[PDB]
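What follows is a single chain, given as structure tokens, in the form deposited in one PDB entry.
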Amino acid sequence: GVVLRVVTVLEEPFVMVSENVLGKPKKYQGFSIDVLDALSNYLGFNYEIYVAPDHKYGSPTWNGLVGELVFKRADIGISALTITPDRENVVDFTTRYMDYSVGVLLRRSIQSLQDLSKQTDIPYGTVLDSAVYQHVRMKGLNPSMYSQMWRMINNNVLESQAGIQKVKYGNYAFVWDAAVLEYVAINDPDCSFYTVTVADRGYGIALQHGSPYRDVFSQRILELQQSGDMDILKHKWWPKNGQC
């Protein structure tokens, strides 16, 4: 079984450093890693993991993870990497292995992005100029809550843990990646958070443009999705089975 280069980007609980002890090789865990193992175990290929030098997903030459692929320094790119047209142009993606959504972190009355966007008592924002910021903008100016969210968000934003922390010790809701948020919520030592749809796109696995693995990879991903296995894997990192 040949060895493929896997480049990742830390993002809990998608890709995390599970082990890093002086004198030992770094080990990783997480939903994205599980999917890589499900594919490696079936297709019989092996691998070595390394993080994107800049800890960036990749923005237009290309930087970050996508860049590592465009410059053929990697073979696969496992991370909470969203499938977008620009990227799909420079690299090749599999099928989405999970749907990407925008969520809101609240502090222990709001129950939906709709309520969050009808009230003001609780200011709310995201990470300035980020993917989510642009998403709310783009939607907010279309031609019916997004418009009231943009009117609001567009002062109140910031740049990620800062937002997480705002909600914790102050009055503020944080709009951001829902899977990330949910994990943050579930695993909070004091259980001070609760989260609150739609899917504009999805998380993918990138391979270098014209890779011969894309096809069989997508097959295996679809099979894990349609068989119900993805869910067995999703519950491991996102279980509404207890704690908070």
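For every residue, the number given is its place in the sequence shown, counted from 1. The term rigid core refers to the maximal set of C-alpha atoms that superpose within 1.5 Å between the two forms.
Same protein, other form: the form solved in complex with a small molecule, not shown, and the subject of what follows.
S.K.: Work out which of the listed stretches, 34 to 42, 205 to 213, 187 to 195, 172 to 180, brings a heavy atom within 4.5 angstroms of the small molecule in the deposited complex.
M.R.: So the stretch in question is 172 to 180.
S.K.: Could you tell me which one of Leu105, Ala80, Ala74, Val91 places a heavy atom within 4.5 Å of the small molecule in the deposited complex?
M.R.: Only one listed residue qualifies here, and that residue is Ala80.
S.K.: Among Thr95, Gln165, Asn154, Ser147, which has any heavy atom within 4.5 Å of the small molecule in the deposited complex?
M.R.: Filtering the options by heavy-atom distance leaves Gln165.
S.K.: Using a 4.5 Å heavy atom cut-off, state whether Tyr57 contacts the small molecule in the deposited complex.
M.R.: Within the cut-off, so yes.
S.K.: At 4.5 Å between heavy atoms, is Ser112 in contact with the small molecule in the deposited complex?
M.R.: Flag for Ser112 set to no.
S.K.: Does at least one non-hydrogen atom of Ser130 fall within 4.5 angstroms of the small molecule in the deposited complex?
M.R.: Within the cut-off, so yes.
S.K.: For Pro25, state whether the C-alpha moves by 2 Å or more between the shown form and the other one after rigid core superposition.
M.R.: It does shift by 2 Å or more.
S.K.: At a 2 Å cut-off on C-alpha positions, does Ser117 qualify as shifted between the shown form and the other one after fitting the rigid core?
M.R.: Indeed, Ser117 is displaced by 2 Å or more.
S.K.: On a core-based superposition, does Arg73 travel 2 Å or more at its Cα between the shown form and the other one?
M.R.: No; that C-alpha moves by less than 2 Å between the shown form and the other one.
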